[PDB]
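Worksheet: one structure, shown below.
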Amino acid sequence: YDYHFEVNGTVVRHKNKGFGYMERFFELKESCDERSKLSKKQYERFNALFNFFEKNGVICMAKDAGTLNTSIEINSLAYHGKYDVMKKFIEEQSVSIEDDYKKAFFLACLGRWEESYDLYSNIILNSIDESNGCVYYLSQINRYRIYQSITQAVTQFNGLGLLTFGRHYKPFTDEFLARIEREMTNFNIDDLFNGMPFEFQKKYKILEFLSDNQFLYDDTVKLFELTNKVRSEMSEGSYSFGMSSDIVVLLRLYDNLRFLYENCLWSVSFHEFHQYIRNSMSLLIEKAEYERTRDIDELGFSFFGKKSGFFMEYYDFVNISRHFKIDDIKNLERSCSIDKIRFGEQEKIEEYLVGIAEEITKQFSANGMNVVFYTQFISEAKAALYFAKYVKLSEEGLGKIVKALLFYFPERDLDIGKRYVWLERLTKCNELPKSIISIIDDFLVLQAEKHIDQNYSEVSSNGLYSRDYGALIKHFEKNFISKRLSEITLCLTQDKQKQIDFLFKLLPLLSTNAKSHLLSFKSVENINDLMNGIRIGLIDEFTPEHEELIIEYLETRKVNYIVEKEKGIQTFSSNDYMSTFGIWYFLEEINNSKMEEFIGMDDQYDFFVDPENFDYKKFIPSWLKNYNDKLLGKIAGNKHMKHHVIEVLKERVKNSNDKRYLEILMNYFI
Amino acid sequence: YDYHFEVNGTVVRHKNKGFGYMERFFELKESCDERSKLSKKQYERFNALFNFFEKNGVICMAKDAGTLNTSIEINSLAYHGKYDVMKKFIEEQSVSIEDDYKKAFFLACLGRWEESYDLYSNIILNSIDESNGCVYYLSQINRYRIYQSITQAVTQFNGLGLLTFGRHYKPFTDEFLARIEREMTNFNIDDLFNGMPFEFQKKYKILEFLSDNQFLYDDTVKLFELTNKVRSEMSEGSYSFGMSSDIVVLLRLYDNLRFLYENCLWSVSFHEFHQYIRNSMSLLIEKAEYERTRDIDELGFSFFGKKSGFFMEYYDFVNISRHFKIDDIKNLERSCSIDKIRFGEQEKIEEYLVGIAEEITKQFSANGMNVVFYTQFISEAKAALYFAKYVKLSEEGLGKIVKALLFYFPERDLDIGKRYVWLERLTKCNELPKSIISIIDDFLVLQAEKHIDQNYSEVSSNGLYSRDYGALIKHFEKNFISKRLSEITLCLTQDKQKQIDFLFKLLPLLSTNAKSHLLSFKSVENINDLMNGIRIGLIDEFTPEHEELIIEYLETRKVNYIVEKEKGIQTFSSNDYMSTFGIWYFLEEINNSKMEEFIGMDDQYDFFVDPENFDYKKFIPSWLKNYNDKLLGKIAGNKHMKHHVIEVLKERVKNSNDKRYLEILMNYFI
Amino acid sequence: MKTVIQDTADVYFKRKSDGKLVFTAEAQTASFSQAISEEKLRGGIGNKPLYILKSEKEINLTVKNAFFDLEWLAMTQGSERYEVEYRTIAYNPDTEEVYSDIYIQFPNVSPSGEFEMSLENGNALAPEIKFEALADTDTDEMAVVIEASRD
Amino acid sequence: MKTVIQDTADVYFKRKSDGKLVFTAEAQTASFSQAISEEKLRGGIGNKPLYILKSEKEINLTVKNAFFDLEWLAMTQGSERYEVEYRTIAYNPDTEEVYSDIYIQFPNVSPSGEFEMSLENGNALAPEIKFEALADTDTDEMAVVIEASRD
């Protein structure tokens, strides 16, 4: 406790009542002549000190501190996600005990948790003969952490994994689990630093916090305090000279990552460690967003008349792609406008993404898949491909990623529905080159080879299917008459007709003669046919027979509605075509007068049919989200309800922060 | 670690594999026959356990857990702010060591930081010759905290005290500092619990975390996780059955407060506990603000109808008053509509407020200000008076509060202007009956009669002075004559320039004869005197002589501006008048045509004087806040200033949460 | 006795093709989050559209428990949906008497649990399970509710 | 060399009626705040007026290194309200060359800090202290600003 080292490498005096041996060293730093005033031995000691300090980020005494540009670099191969070079590395022959430690961590990372414990027990026996201190102490810590991992893994596999994967997958042999409970039966970690020899207790005291849990408590509380500081300053209009309260957060985060990744410690994959990175990067991006928009009188920009702009570098993308979940990232998506931030080093990030895709292809093209590896890798693989939207991908990288997401990715964690949401999201800031169109067409070819099942139903939680991938093809490139789809359509006959659903949903794409084939083919009798045909715009108007079908549906809905009221339970229903039909009535689409016979059933229907006799207390303000530009224009053109909707929109602009409400109110109603 | 105790009062088995010694006890608690089956001694033992488990809120177990309403009752006399009763209780001869320990914390409360150390040293010596180590342990912990507090206090007093308080105040004797620095030089706290006997290390483990600071680490991290979870719940629009993530926070805050305040521990006087309570209250108040604004889609009415809003009782008021600073409350006020939040139990609120109003009077009326005590009480007394504006005060109580705030509250921490702001704040919930008028009149007269010497100038951090103090009276009352002020004026002879002008701008509260007598020798027409005369209604329409003075000011500013440009100096004056004349010329108050000669000096002169040629890029949008409704209405008339001011508004409402911008955007510009 | 007030709940899973019973008696977090939105679609051609109802829609659910159900979990130890039937009650505020029950039904649920909850200290179980509401391409599904208060 | 970038500041204070310099130099936090507001305090007037443009206005400031003085501290150990000067350096972004000095002056200040840090674990000195830009009725005040870059 003699001095105080700030997070920037500066040093200040804390508890010194004698000579400032820091001050003498730092003046020796700049005095070449005095550096020449040492023996060769002492010169070598100073050189070792200098190299260690320059590698440790310390710079100079705070009294002489000027502009400090501290360097950052992460060198652990596990951080860069190089799963093949590490695979080659493990097979190589060990040389020294440090190599054994590094290989133990590498074995831990790749999901081969079994051999990691055995190698650790090997090194713990073989360590001391060389008289090394640190390696043993760290090897026991890694061992206990990996034991916690194994126990939680087996419990979690037994508990929910049986439902998750459908098979009670056993990654660890029973005798191994029986052993590991025996060896660490009474291991209470707190004593580990209190049992080692006194000589070890005087050299490496700094490594004490890694025993108990406090090493993720001390930094977490400091991050909480800093978060309170920046949040308080964010709502005062304040300006911070020099180091803000936020640059300390970036520095602490990067230093912690260096210490916990270079030293090959295994605490990297624990949830509590992810918790720190989450609220660190979230705070940083929030600060950038706040800086992007505010007001200044004259001197506001005169203070720090520039910014980092949070140029979000490659390490930042690696961190966010690793230590987040999709539900987490959407929270930042709502508040900040991540589109407005700039992506740097648009080439390394491609290397990361193609590495992730390649690993997915390797794992799920061969029958082998280390399930333990799947427990860790899938979250990062999801996050990276989600966040890739803002990244200006190249040709080959786009092709490979689009291939990997569509073909090899397991259906369970990304079904046919949300795969549209991801593949479409990659096209907002990019184009759709011909090769990508070939790939997406190949997907439809595979689905053509699939559409013969007897009980498959393409279960989805977004309500869109392989038709919409061709639809996305056609939105960009209109004249892409499908070819092999024509081949599958022509050969099929009426008897086996489960393919009609998919083929008619892909009526957009077929040959003209294939169109004619589908003409004599197929039928339109129930509402699904009507809506589906209108979905492609084939149906341009309604003959009275179609109106009669609509009326029949309405009568059926009435004849249950009455019973449900007698039975008094409620309902709901998901794809409520009644809301649709209400849209049809208002938009001139159907001018029939019998529709009024079904007023009072659904509030959405009532809000459309009868502006005269519709009271406004049952307005659901989420309605206005799901409306079209033209439909919104038409409702805004009405005189009857404009004022009331205006008020109910004013109130929810004033009492709430949903920006889409804001845009809707000003763009259309004003 | 056999059983987990959720903060809801339930018990859940974690590590038990043998007999459930915890479940059978509750089994006996529920059953009535089985209690009578035990022996009389064992019946008394069960009664002894029953008296404890009901006192500490452990109600029942989980498999039977139903609807629980746990109690919260803090009974210590320091919480309630009954400072007067403490002085009565201490003046008494203890009959036991426990009483000594109690008086050794009450004294610490009242700021007598020296007399507590002696009694602590008495307790630590007399506590060894018996079998009760709890008193000894807590006494030493409190002693070390008192020593730390004394060291910090003296160090700061030497540091910033000389400028903060105006003189040098050494409340502590030199020998006492020497003795404490002698005693405590070789005491480290971390091994204190280790030093105690084995038996104490056995029974009383439940106090171990109080040895170090790790308890305030392990509470802050657990609050941080819940804050993350609650904000996540907010950003998604989710709902919560069961125990939400906020009730756990409330229960934990009350549990910590009770433990630290009823066992008479001193840590409640420190900063970290203040941080914990500040964030724990802020998160819950923000959640309460968010619940009211929920948009409702399909489930809220059936589940949570007739909203059970967060009720803010007396116990909740004490926390915010005691522990917050005045800026932190202001931070909340800009993101929570705290006016709607109901403030129940107002009767005890009035009593506590009166207590704060009387203790201040006692302290600053007696010649002896306990400067150690004044540091721990001024901030809380400030916050309580601030927060006093959200609750209904009875008339007598309001008179007591106002009398306390106006006269006796020190000039050091409340400038003349801020007193007015707080006084007006207390006029929101309460009207202005003649009693409060009496205190205001007394204050005006007192500051007037103090304003006679030739150097008793004033200051302000709003620039108010008595000018708007009179306006506060006239905004409610209409016919004040202020006999006393008339008495001052009638005997004012001549040659009291500062007295002449001081009551000049207090004109609207004068008598008819005094007004005429003061019109003589009144400040003739200086620009400061000019604007002040307009501010009192003496001047109604501008005369060409007034315009001549205005042109004189403009020319002076232009030559000063030329000098500044030559020197490259810019000004930002609290008496910057350039802004006003633009408004006066826009609305035709001044008909002179020379104003255009000064286009290009100050942006606010150009933005109004020449709307046709103005460079709207220079427009700072903070200006609209200082613009009153009639200017905001006329501003919505002219062409030259409609096409631009709208767009910038559109930009800011989208880019910030400044609801005010949204208001000027909505009610007028659209 | 002073202030807090809480409640309870009840969860009821079921795997289709039979009445397989798996359930949790409580759900403390029970974070239910409906969600509807839209970003961009449509070719904006063909003049008359004649329709538009696109509303994606999806539901999120959360549960805590340690009762995976005592027998057939061990039976399979050594994909026919996971339909759940939520149930609870509601009371009249005027009388505070238990007068109405509530049942919530979901027809097709798919479990997607983040299989990396390896935490760093021995926790009090609480293996939080999160659920997604799934629908075939047929009709109806998602939300159907049963409500008492026949008094 | 990767990504931090920092800068420097400096804080000077002074006492009126003498050339006394008793205060810090080097603000670590150096957070600075400006604020303007309005209310209903003039919610009612006789009209036919002009305006007052009250706007309240305020300036908040803070510094943290301490080490005030020892000569002048000694002389003061045995209320002109002080005045503060802020000096910073500015460089042209195109050339990144030191070319201008920013001069800021606040004439009236009144330090009023929370005289209780009371922290549980001893800090490394640095008693952060705040300042309010006081003001009289006369004229000017608040701030005056000068700029170099006469290159």
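Letters for chains follow the order of the structure tokens (A, B, ...), residue numbers begin at 1 for each chain, and ligand numbers begin at 1 in the order shown.
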After fitting chain A to chain B over every Cα pair taken in order, the RMSD: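 Result: 0.9 Å C-alpha RMSD.
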Secondary structure check, strand (DSSP E or B) residues of chain C, as an MDAnalysis selection string: chainID C and resid 11:15 20:24 32:35 58:63 83:91 98:106 109:111 129:133 135 144:147
Go ahead and save the picked residues with C-alpha atoms, as a tab-separated table (two decimals), in the first residue's frame.
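As written to disk, part-v6.tsv reads:
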```tsv
chain	number	residue	atom	x	y	z
C	11	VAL	CA	-47.96	-23.98	-14.37
C	12	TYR	CA	-49.03	-27.08	-16.27
C	13	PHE	CA	-47.05	-28.47	-19.20
C	14	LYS	CA	-48.24	-31.37	-21.36
C	15	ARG	CA	-46.64	-33.29	-24.23
C	20	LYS	CA	-48.15	-36.68	-20.33
C	21	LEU	CA	-47.90	-34.65	-17.13
C	22	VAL	CA	-45.01	-32.31	-16.36
C	23	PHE	CA	-45.72	-29.22	-14.30
C	24	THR	CA	-44.51	-26.59	-11.85
C	32	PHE	CA	-44.58	-13.05	-19.66
C	33	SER	CA	-43.86	-10.75	-22.61
C	34	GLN	CA	-46.10	-10.47	-25.64
C	35	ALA	CA	-44.60	-8.73	-28.65
C	58	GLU	CA	-44.64	-14.25	-30.88
C	59	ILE	CA	-44.89	-14.93	-27.15
C	60	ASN	CA	-42.28	-15.38	-24.44
C	61	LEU	CA	-42.74	-17.22	-21.17
C	62	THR	CA	-40.61	-18.04	-18.11
C	63	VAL	CA	-40.88	-20.52	-15.23
C	83	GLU	CA	-48.16	-27.61	-24.59
C	84	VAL	CA	-48.73	-25.69	-21.38
C	85	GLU	CA	-51.96	-24.76	-19.57
C	86	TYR	CA	-51.44	-21.82	-17.21
C	87	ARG	CA	-53.92	-21.43	-14.37
C	88	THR	CA	-54.54	-18.81	-11.69
C	89	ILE	CA	-57.37	-16.89	-10.00
C	90	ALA	CA	-58.66	-13.33	-9.80
C	91	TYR	CA	-60.65	-11.59	-7.06
C	98	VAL	CA	-61.92	-15.47	-4.26
C	99	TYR	CA	-64.65	-15.55	-6.92
C	100	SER	CA	-62.94	-16.12	-10.29
C	101	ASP	CA	-60.41	-18.60	-11.65
C	102	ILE	CA	-58.29	-18.11	-14.76
C	103	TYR	CA	-56.91	-20.74	-17.12
C	104	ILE	CA	-54.47	-19.93	-19.93
C	105	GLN	CA	-53.84	-22.43	-22.72
C	106	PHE	CA	-51.07	-22.70	-25.30
C	109	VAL	CA	-44.76	-24.64	-27.32
C	110	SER	CA	-41.09	-25.10	-28.14
C	111	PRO	CA	-38.44	-25.05	-25.39
C	129	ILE	CA	-36.78	-22.38	-18.14
C	130	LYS	CA	-37.93	-20.09	-20.95
C	131	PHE	CA	-40.57	-20.93	-23.54
C	132	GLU	CA	-41.62	-19.85	-27.03
C	133	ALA	CA	-45.13	-20.08	-28.45
C	135	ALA	CA	-47.84	-22.30	-34.46
C	144	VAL	CA	-57.17	-19.25	-25.43
C	145	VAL	CA	-58.36	-18.36	-21.94
C	146	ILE	CA	-60.96	-19.80	-19.54
C	147	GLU	CA	-62.53	-17.50	-16.96
```
Proximal residues of chain C relative to chain B (only C-alpha atoms; 6 Å) as number ranges by chain: C: 1-2, 4-8, 28-33
Check: which chain A residues lie within 10 Å of chain B using only C-alpha atoms, as a ChimeraX atom specification: /A:214,216-225,228,231-236,275,278-279,289-290,292-298,327-328,330-332,334-335,572,619-623,650-657,659-660,662-663,666,670
Superposition RMSD [C-alpha atoms, order-paired], chain C onto chain D: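 Root-mean-square deviation of the C-alpha atoms: 1.3 Å.
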Length of the atom CA of residue A:84 to atom CA of residue A:362 vector [Å]: 10.4 Å
Near-residue C:77 list (9 Å; only C-alpha atoms; drop same-chain fewer than 3 positions) as a list in words: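 Neighbouring residues, sequence-local ones excluded: residues 158, 162, 167 and 168 of chain A; 72, 73 and 74 of chain C.
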DSSP-assigned helix (DSSP H, G or I) among stretch 418-471 of chain A, expressed as a ChimeraX atom specification: /A:418-425,434-450,466-471
With N, CA, C and O atoms retained, could you export that selection as a tab-separated table (two decimals), in the first residue's frame?
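To be explicit, this is the file written out as part_33.tsv:
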```tsv
chain	number	residue	atom	x	y	z
A	418	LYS	N	-37.39	-17.78	-38.07
A	418	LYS	CA	-36.44	-16.74	-37.73
A	418	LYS	C	-35.22	-16.75	-38.63
A	418	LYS	O	-34.47	-15.77	-38.65
A	419	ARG	N	-34.98	-17.84	-39.35
A	419	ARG	CA	-33.91	-17.81	-40.32
A	419	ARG	C	-34.19	-16.78	-41.40
A	419	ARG	O	-33.25	-16.18	-41.94
A	420	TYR	N	-35.46	-16.55	-41.71
A	420	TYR	CA	-35.78	-15.43	-42.57
A	420	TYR	C	-35.35	-14.13	-41.91
A	420	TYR	O	-34.77	-13.26	-42.56
A	421	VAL	N	-35.62	-13.99	-40.61
A	421	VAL	CA	-35.33	-12.74	-39.94
A	421	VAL	C	-33.84	-12.48	-39.93
A	421	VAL	O	-33.42	-11.32	-39.98
A	422	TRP	N	-33.02	-13.52	-39.88
A	422	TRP	CA	-31.58	-13.30	-39.89
A	422	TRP	C	-31.05	-13.09	-41.30
A	422	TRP	O	-30.23	-12.19	-41.52
A	423	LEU	N	-31.48	-13.91	-42.26
A	423	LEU	CA	-30.98	-13.76	-43.62
A	423	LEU	C	-31.45	-12.45	-44.24
A	423	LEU	O	-30.72	-11.85	-45.03
A	424	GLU	N	-32.65	-12.01	-43.91
A	424	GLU	CA	-33.11	-10.71	-44.40
A	424	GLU	C	-32.32	-9.58	-43.77
A	424	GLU	O	-31.99	-8.59	-44.43
A	425	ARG	N	-32.00	-9.71	-42.48
A	425	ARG	CA	-31.31	-8.63	-41.79
A	425	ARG	C	-29.91	-8.41	-42.34
A	425	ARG	O	-29.40	-7.29	-42.28
A	434	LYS	N	-25.38	-12.27	-57.43
A	434	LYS	CA	-25.89	-13.45	-58.13
A	434	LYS	C	-25.55	-14.74	-57.39
A	434	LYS	O	-26.35	-15.67	-57.36
A	435	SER	N	-24.35	-14.81	-56.80
A	435	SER	CA	-23.96	-16.02	-56.09
A	435	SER	C	-24.87	-16.27	-54.90
A	435	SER	O	-25.26	-17.42	-54.63
A	436	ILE	N	-25.23	-15.22	-54.17
A	436	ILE	CA	-26.15	-15.39	-53.06
A	436	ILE	C	-27.50	-15.85	-53.57
A	436	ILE	O	-28.18	-16.65	-52.92
A	437	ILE	N	-27.92	-15.38	-54.75
A	437	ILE	CA	-29.18	-15.85	-55.29
A	437	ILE	C	-29.08	-17.32	-55.67
A	437	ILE	O	-30.03	-18.09	-55.46
A	438	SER	N	-27.94	-17.75	-56.19
A	438	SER	CA	-27.76	-19.17	-56.46
A	438	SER	C	-27.86	-19.98	-55.17
A	438	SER	O	-28.48	-21.05	-55.15
A	439	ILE	N	-27.28	-19.48	-54.08
A	439	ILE	CA	-27.32	-20.20	-52.81
A	439	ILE	C	-28.75	-20.32	-52.31
A	439	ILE	O	-29.20	-21.39	-51.89
A	440	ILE	N	-29.48	-19.21	-52.33
A	440	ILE	CA	-30.83	-19.23	-51.81
A	440	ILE	C	-31.72	-20.09	-52.69
A	440	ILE	O	-32.64	-20.76	-52.20
A	441	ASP	N	-31.45	-20.13	-53.99
A	441	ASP	CA	-32.17	-21.04	-54.87
A	441	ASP	C	-31.85	-22.49	-54.53
A	441	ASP	O	-32.74	-23.35	-54.56
A	442	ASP	N	-30.59	-22.78	-54.23
A	442	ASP	CA	-30.23	-24.13	-53.81
A	442	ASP	C	-31.00	-24.53	-52.56
A	442	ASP	O	-31.36	-25.70	-52.39
A	443	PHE	N	-31.26	-23.57	-51.67
A	443	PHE	CA	-32.07	-23.89	-50.49
A	443	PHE	C	-33.45	-24.35	-50.91
A	443	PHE	O	-33.99	-25.32	-50.36
A	444	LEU	N	-34.05	-23.65	-51.87
A	444	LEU	CA	-35.37	-24.07	-52.34
A	444	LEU	C	-35.30	-25.42	-53.03
A	444	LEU	O	-36.25	-26.20	-52.97
A	445	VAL	N	-34.17	-25.72	-53.68
A	445	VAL	CA	-34.00	-27.04	-54.29
A	445	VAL	C	-34.02	-28.12	-53.21
A	445	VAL	O	-34.66	-29.17	-53.36
A	446	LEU	N	-33.32	-27.88	-52.11
A	446	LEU	CA	-33.34	-28.83	-51.00
A	446	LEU	C	-34.74	-28.97	-50.42
A	446	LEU	O	-35.19	-30.07	-50.11
A	447	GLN	N	-35.45	-27.85	-50.27
A	447	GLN	CA	-36.81	-27.92	-49.75
A	447	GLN	C	-37.74	-28.64	-50.72
A	447	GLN	O	-38.70	-29.28	-50.30
A	448	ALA	N	-37.47	-28.52	-52.02
A	448	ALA	CA	-38.18	-29.31	-53.01
A	448	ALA	C	-37.92	-30.79	-52.81
A	448	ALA	O	-38.85	-31.61	-52.87
A	449	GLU	N	-36.67	-31.16	-52.55
A	449	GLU	CA	-36.35	-32.53	-52.19
A	449	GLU	C	-36.92	-32.93	-50.84
A	449	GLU	O	-36.90	-34.11	-50.50
A	450	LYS	N	-37.43	-31.97	-50.06
A	450	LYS	CA	-38.00	-32.27	-48.75
A	450	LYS	C	-39.51	-32.38	-48.77
A	450	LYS	O	-40.08	-33.12	-47.97
A	466	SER	N	-40.61	-21.05	-46.69
A	466	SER	CA	-39.67	-21.03	-47.81
A	466	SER	C	-40.20	-20.26	-49.01
A	466	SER	O	-39.42	-19.94	-49.91
A	467	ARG	N	-41.51	-19.97	-49.05
A	467	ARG	CA	-42.03	-19.07	-50.07
A	467	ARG	C	-41.45	-17.67	-49.90
A	467	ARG	O	-41.18	-16.97	-50.88
A	468	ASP	N	-41.22	-17.26	-48.66
A	468	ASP	CA	-40.82	-15.89	-48.44
A	468	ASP	C	-39.36	-15.68	-48.79
A	468	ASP	O	-38.95	-14.54	-49.05
A	469	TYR	N	-38.57	-16.75	-48.86
A	469	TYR	CA	-37.20	-16.60	-49.31
A	469	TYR	C	-37.16	-16.29	-50.80
A	469	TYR	O	-36.43	-15.39	-51.24
A	470	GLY	N	-37.97	-17.00	-51.59
A	470	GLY	CA	-38.16	-16.60	-52.97
A	470	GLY	C	-38.79	-15.23	-53.09
A	470	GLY	O	-38.48	-14.48	-54.02
A	471	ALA	N	-39.68	-14.88	-52.16
A	471	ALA	CA	-40.26	-13.55	-52.20
A	471	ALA	C	-39.19	-12.49	-52.01
A	471	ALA	O	-39.18	-11.46	-52.69
```
D:39, D:26, D:136, D:116 ranked by distance to residue B:373, top pick (using only C-alpha atoms): D:116
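Residue nearest residue D:66 within the list B:160, B:412, B:144, B:149: B:160 [criterion: smallest interatomic distance, only C-alpha atoms].
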Near-residue A:132 list (12 Å; only C-alpha atoms; drop same-chain fewer than 5 positions) as a list in words: residues 96, 97, 98, 123, 124, 126, 127, 137, 138, 139, 199, 200 and 204 of chain A
Contacts of stretch 19-25 of chain B within 12 Å, only C-alpha atoms, excl. fewer than 5 positions in-chain, as a ChimeraX atom specification: /B:2-5,10-14,30-31,34-35,45-47,49-50,53,58-64
Residues from the last selection, C-alpha atoms, saved as a PDB file, in the first residue's frame:
```
ATOM      1  CA  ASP B   2     -28.596 -26.401   5.198  1.00  0.00           C
ATOM      2  CA  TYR B   3     -31.637 -24.282   4.294  1.00  0.00           C
ATOM      3  CA  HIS B   4     -32.170 -21.196   2.138  1.00  0.00           C
ATOM      4  CA  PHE B   5     -34.249 -18.341   3.542  1.00  0.00           C
ATOM      5  CA  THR B  10     -40.145 -19.033   3.499  1.00  0.00           C
ATOM      6  CA  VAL B  11     -37.727 -21.900   4.108  1.00  0.00           C
ATOM      7  CA  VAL B  12     -36.424 -24.213   1.380  1.00  0.00           C
ATOM      8  CA  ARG B  13     -34.197 -27.253   1.779  1.00  0.00           C
ATOM      9  CA  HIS B  14     -30.810 -27.146   0.060  1.00  0.00           C
ATOM     10  CA  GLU B  30     -49.305 -25.159  13.171  1.00  0.00           C
ATOM     11  CA  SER B  31     -50.700 -28.001  15.283  1.00  0.00           C
ATOM     12  CA  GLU B  34     -48.841 -31.633  19.751  1.00  0.00           C
ATOM     13  CA  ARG B  35     -47.497 -28.634  21.675  1.00  0.00           C
ATOM     14  CA  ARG B  45     -38.277 -23.774  24.993  1.00  0.00           C
ATOM     15  CA  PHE B  46     -40.763 -23.920  22.116  1.00  0.00           C
ATOM     16  CA  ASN B  47     -42.291 -20.697  23.369  1.00  0.00           C
ATOM     17  CA  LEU B  49     -38.240 -20.130  19.816  1.00  0.00           C
ATOM     18  CA  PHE B  50     -41.739 -18.954  18.879  1.00  0.00           C
ATOM     19  CA  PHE B  53     -39.360 -16.561  14.839  1.00  0.00           C
ATOM     20  CA  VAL B  58     -39.956 -16.342   9.396  1.00  0.00           C
ATOM     21  CA  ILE B  59     -43.574 -17.360   8.929  1.00  0.00           C
ATOM     22  CA  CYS B  60     -43.902 -20.733   7.181  1.00  0.00           C
ATOM     23  CA  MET B  61     -42.377 -23.032   4.573  1.00  0.00           C
ATOM     24  CA  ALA B  62     -42.755 -23.143   0.789  1.00  0.00           C
ATOM     25  CA  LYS B  63     -44.945 -26.179   0.107  1.00  0.00           C
ATOM     26  CA  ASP B  64     -47.643 -24.408   2.160  1.00  0.00           C
TER      27      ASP B  64
END
```
Length of the atom CA of residue B:589 to atom CA of residue B:557 vector [Å]: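 Separation of atom CA of residue B:589 and atom CA of residue B:557: 20.7 Å.
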